[PDB]
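Structure first, then comments.
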Amino acid sequence: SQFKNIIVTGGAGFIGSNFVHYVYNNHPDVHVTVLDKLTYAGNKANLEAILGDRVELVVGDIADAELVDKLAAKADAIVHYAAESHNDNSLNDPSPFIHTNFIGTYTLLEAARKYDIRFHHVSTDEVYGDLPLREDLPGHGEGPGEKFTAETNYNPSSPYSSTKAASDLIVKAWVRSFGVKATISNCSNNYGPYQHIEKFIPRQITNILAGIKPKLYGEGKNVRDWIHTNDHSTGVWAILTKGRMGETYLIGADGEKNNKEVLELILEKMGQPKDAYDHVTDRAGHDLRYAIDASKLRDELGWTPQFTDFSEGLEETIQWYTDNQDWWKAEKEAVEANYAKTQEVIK
Amino acid sequence: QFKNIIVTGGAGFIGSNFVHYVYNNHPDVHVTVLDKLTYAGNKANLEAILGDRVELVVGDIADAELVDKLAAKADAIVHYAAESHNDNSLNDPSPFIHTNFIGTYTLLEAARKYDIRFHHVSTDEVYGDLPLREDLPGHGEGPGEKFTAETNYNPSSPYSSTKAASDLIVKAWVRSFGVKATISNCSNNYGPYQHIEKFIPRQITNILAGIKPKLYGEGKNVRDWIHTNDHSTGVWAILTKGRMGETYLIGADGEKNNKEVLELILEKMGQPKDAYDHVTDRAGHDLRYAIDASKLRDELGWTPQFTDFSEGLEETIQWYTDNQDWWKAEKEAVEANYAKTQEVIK
Ligand SMILES: NC(=O)c1ccc[n+]([C@@H]2O[C@H](COP(=O)([O-])OP(=O)(O)OC[C@H]3O[C@@H](n4cnc5c(N)ncnc54)[C@H](O)[C@@H]3O)[C@@H](O)[C@H]2O)c1
Ligand SMILES: NC(=O)c1ccc[n+]([C@@H]2O[C@H](COP(=O)([O-])OP(=O)(O)OC[C@H]3O[C@@H](n4cnc5c(N)ncnc54)[C@H](O)[C@@H]3O)[C@@H](O)[C@H]2O)c1
Ligand SMILES: Cc1cn([C@H]2C[C@H](O)[C@@H](COP(=O)(O)OP(=O)(O)O[C@H]3O[C@H](CO)[C@@H](O)[C@H](O)[C@H]3O)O2)c(=O)[nH]c1=O
Ligand SMILES: Cc1cn([C@H]2C[C@H](O)[C@@H](COP(=O)(O)OP(=O)(O)O[C@H]3O[C@H](CO)[C@@H](O)[C@H](O)[C@H]3O)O2)c(=O)[nH]c1=O
């Protein structure tokens, strides 16, 4: 690795911790400093095993300029995962999204500019808004613009996706105006070990394990492009070390599936009746379909996803939450209670 | 269809002109200006018309408590408040992040709370830039050779990116919360009351002050000029007849490169064609801006009245000439500020 001392913000979260583990296991010459605020989503247990001389955990806010400047001064790269990442929380209270996603990114960019160090912005495909279902597209999803590409127009639907898109925009502006050495990645829905139980797949799995019925927003026709967090990690690493400055790369593993189909699979794999779940209040402004065309990343950086078998990936994920119930058991009640405030069983 | 509107940034250039427009053509509407009076805010821009129709409240749009107090008594918010200079955004972006994004967010929440009309005044800079006409197959008249409502966002600077970012949350607030918002992206405004840090006023007042006009590089950059008066009627049309959630582009089809604009100014002011200095070019400088305002024209019937730039510029030059006391106290400071980052090319 060309970078020997990197800072990984949000490294105590789901995707970020997976990345830190990836770096620890595949790039031993890299020292990692994780800067994480440890919000409801941050969990030290996600990093505990590897904390030591190679990985340090610094508890703080990415909006804390003084702290960021102290860390940035000793780093040669920043991989930025820190963010409020739940659409449902953003619709309930946008405040933290404004602070962390936009002001936080801005604070990091100024540090990167000050020390002139590499900067990789980790973002989402949600900045592009949503797409119609394949059955309603003239190209069945295979035509131009029927999937997201690096040229797709930004059109975020929620406080969450809009603040992320907003962060993406200043990153690009900092590149053009100040010459900041940044790259951006927008990837599809990640799934796998360590995902907070507030998220779709982990919520259904743990709900079942906890004797609670899974929850499906509306009829569950919405489509998401699933990718295993492990492939997201290798994608980010490829962009970080070989990406073209100022460029955006889309990360996806061509795994489109509707929520209903995913939930049924979970129920089936966990030996539960097909209708053993509840339809609940649909999400306001809910995005219909997400789909990523990762040709640029594949073709230009030689990256390829290894976990293309969703059924198998999901199987392993269900097994993980089953063998690690102590990891989430104490959060179940609060999470569901929070959802009860805005979600009710509809028809 | 609104009687008590809040006009943020109403003590500035475009905003104050909008206030004058409402004062003159809609005397039944009460206007409450919320302006922080930064280096760009000027009471003189409103002093003559302050009264029963117009009141000035000095404050920050990021001041949630103040905004809530005012929003509780309004039926609409026309949002002009912003840090508007690219060059200042390059020297210190902090106020841009604060006012343009946090400020807009603060206003959106107030609009959401009271469920009132919100019109976001924005810029064509959110789309990034375009190649010169000479380098386009359609010579600027072909598809994608001008900005449209479908053009993707691609801001080049802290200023344009914070504006674009604000446009994005405005739209998200419409989709997610049903906020009654509309957005407008306008090309370069010019006319009376524009701060002398801006291109046209700067050249005009420099000549009046016996100072050399300043041209970035060789002046190849293209701007689509529109008189602020046409921008005012555009915003009014959108505010009163626009469709919720829609974005409208405002432009008068007046593309000109900086060099020819400066030359016209020199000519009109009796100065030699070469009596100016080339100065340090702007980092990440946007090449060409061009607006296709077909949507606004087609759907709302808006038609620009000041399409004769030569005549518009002449009157603008005359205004700065007739109102030198309005800008003289700032000339030295503005030129001294520029000197910190710009020098004559030689
Ligand atoms: N979940 C997904 O599928 C997904 C897919 C694509 C892109 N992304 C992006 O990937 C990144 C990580 O996503 P995630 O799912 O792992 O989120 P997460 O909710 O699991 O974790 C977010 C992490 O950031 C930390 N954090 C929050 N605010 C902070 C602040 N102000 N300062 C420092 N740390 C702060 C939290 O404590 C937590 O560890 C985000 O930027 C997200 O937008 C997420
Ligand atoms: N100048 C142009 O050609 C132009 C063209 C298109 C769009 N726009 C947009 O039009 C709007 C007005 O532009 P302008 O040229 O008149 O700008 P300006 O610099 O002349 O004035 C900005 C005004 O906002 C006020 N302001 C700044 N920060 C504030 C805050 N935090 N709270 C309250 N008031 C604050 C200033 O005091 C000032 O009166 C902006 O949103 C700008 O992005 C400008
Ligand atoms: C929590 C939950 C979710 N859903 C649905 C809503 C969505 O269509 C789908 C997935 O929802 P979520 O897990 O919240 O993920 P989603 O909104 O798609 O966004 C995720 O993926 C994005 C990238 O695609 C990231 O940027 C976000 O940070 C991340 O949270 O499942 C349900 O039906 N029931 C539930 O209980
Ligand atoms: C101040 C100054 C500017 N210029 C050039 C740079 C630009 O190409 C052009 C106009 O510069 P400015 O007056 O700063 O305007 P510009 O950057 O185009 O942006 C304006 O127009 C935008 C909309 O197009 C607004 O959003 C901005 O708030 C407004 O300031 O003239 C010079 O050549 N010399 C100068 O002294």
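What the table below lists for this structure:
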{"read-out": "Single unsatisfied condition, A:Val59 versus (1) within 22 Å of the chain's Cα centre (by Cα); (2) within 14 Å of chain B (Cβ to nearest Cβ); (3) of a type in the set (A, V, I, L, M, F, W, C)", "value": "(2)"}
{"read-out": "Sole exception among (1) among the small types (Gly, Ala, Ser); (2) within 16 Å of ligand 1 (Cβ to nearest atom); (3) not assigned by CATH to the domain that holds B:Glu83 for B:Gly210, by number", "value": "(2)"}
{"read-out": "Search result, residues across the stretch B:129-161 that are more than 14 Å from chain A (Cβ to nearest Cβ) and among the hydrophobic types (A, V, I, L, M, F, W, C)", "value": "B:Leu130, B:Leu132, B:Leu136"}
{"read-out": "Count of residues meeting criterion [surrounded by fewer than 24 Cβ atoms within 10 Å (Cβ to Cβ) and either of a type in the set (S, T, N, Q) or away from every other protein chain (no Cβ under 11 Å) (or both)] in the stretch A:113-122", "value": "5"}
{"read-out": "Qualifying residue in the stretch B:231-254 (condition: away from ligand 2 (no atom under 16 Å from the Cβ), within 14 Å of another protein chain (Cβ to nearest Cβ) and of a type outside the set (A, V, I, L, M))", "value": "yes"}
{"read-out": "For B:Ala110: the one exception among (1) among the hydrophobic types (A, V, I, L, M, F, W, C); (2) within 14 Å of another protein chain (Cβ to nearest Cβ); (3) away from ligand 2 (no atom under 12 Å from the Cβ); (4) not in a helix (DSSP H, G or I)", "value": "(4)"}
{"read-out": "Scope the stretch B:16-47; condition of a type in the set (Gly, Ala, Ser) and touching a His at 6+ places or on another chain (Cβ under 9 Å); matching residues", "value": "B:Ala40"}
{"read-out": "Residue check for B:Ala164: small (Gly, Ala, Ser) and more than 16 Å from ligand 4 (Cβ to nearest atom)", "value": "no"}
{"read-out": "Spans of strands (runs of 3 or more DSSP E) in the stretch A:147-232 with at least 3 residues within 12 Å of ligand 3 (Cβ to nearest atom), over 22 Å from A:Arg118 (Cα atoms) and not aromatic (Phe, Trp, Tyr)", "value": "A:223-228"}
{"read-out": "Filtered residues of the stretch B:96-152 (kept if in contact with an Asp or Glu (Cβ under 7 Å, 6 or more places away or on another chain), of a type in the set (S, T, N, Q) and under 18 Å from B:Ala293 (Cβ atoms))", "value": "B:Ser122, B:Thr148"}
{"read-out": "Selected residue [under 15 Å from the mean Cα position of the chain (by Cα) and closer than 30 Å to B:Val170 by Cβ] from B:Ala237, B:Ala252, B:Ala283", "value": "B:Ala252"}
{"read-out": "Per-region count, the stretch B:87-97, residues within 9 Å of another protein chain (Cβ to nearest Cβ) and touching a residue at least 24 places away in the same chain (Cβ under 8 Å)", "value": "4"}
{"read-out": "Filtered residue count, the stretch A:1-46, keeping only those that are closer than 19 Å to A:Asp61 by Cβ, without any contact (Cβ under 8 Å) to a residue 60 or more places away in the chain and more than 17 Å from the chain's Cα centre (by Cα)", "value": "3"}
{"read-out": "The listed residue being free of Cβ contacts under 8 Å to residues at least 12 places away in the same chain, away from ligand 4 (no atom under 16 Å from the Cβ) and either of a type in the set (S, T, N, Q) or more than 17 Å from A:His232 (Cα to Cα) (or both), out of A:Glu315, A:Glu333", "value": "A:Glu333"}
{"read-out": "Matching option when the condition is crowded, with 24+ Cβ neighbours inside 10 Å, away from ligand 2 (no atom under 16 Å from the Cβ) and either within 14 Å of another protein chain (Cβ to nearest Cβ) or not aliphatic (A, V, I, L, M) (or both), among A:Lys181, A:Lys164, A:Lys199", "value": "A:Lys164"}
{"read-out": "Test: residue in the stretch B:312-334 that is buried (at least 17 other Cβ atoms within 10 Å of the Cβ), touching a strand residue (DSSP E or B) at 6+ places or on another chain (Cβ under 8 Å) and not in a helix (DSSP H, G or I)", "value": "no"}
{"read-out": "Tabulated pairs, the stretch B:152-170, first within 16 Å of B:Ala181 (Cβ to Cβ), second among the polar types (S, T, N, Q) and within 16 Å of ligand 1 (Cβ to nearest atom), C-beta under 6 angstrom, 6+ apart or interchain", "value": "B:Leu168/A:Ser162; B:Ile169/A:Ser162"}
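Basis: the model, the stated rules and, where named, an outside source; nothing here is a laboratory result. All Cβ positions, even for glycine, are placed from backbone atoms using ideal geometry, and neighbour counts span all protein chains on display.
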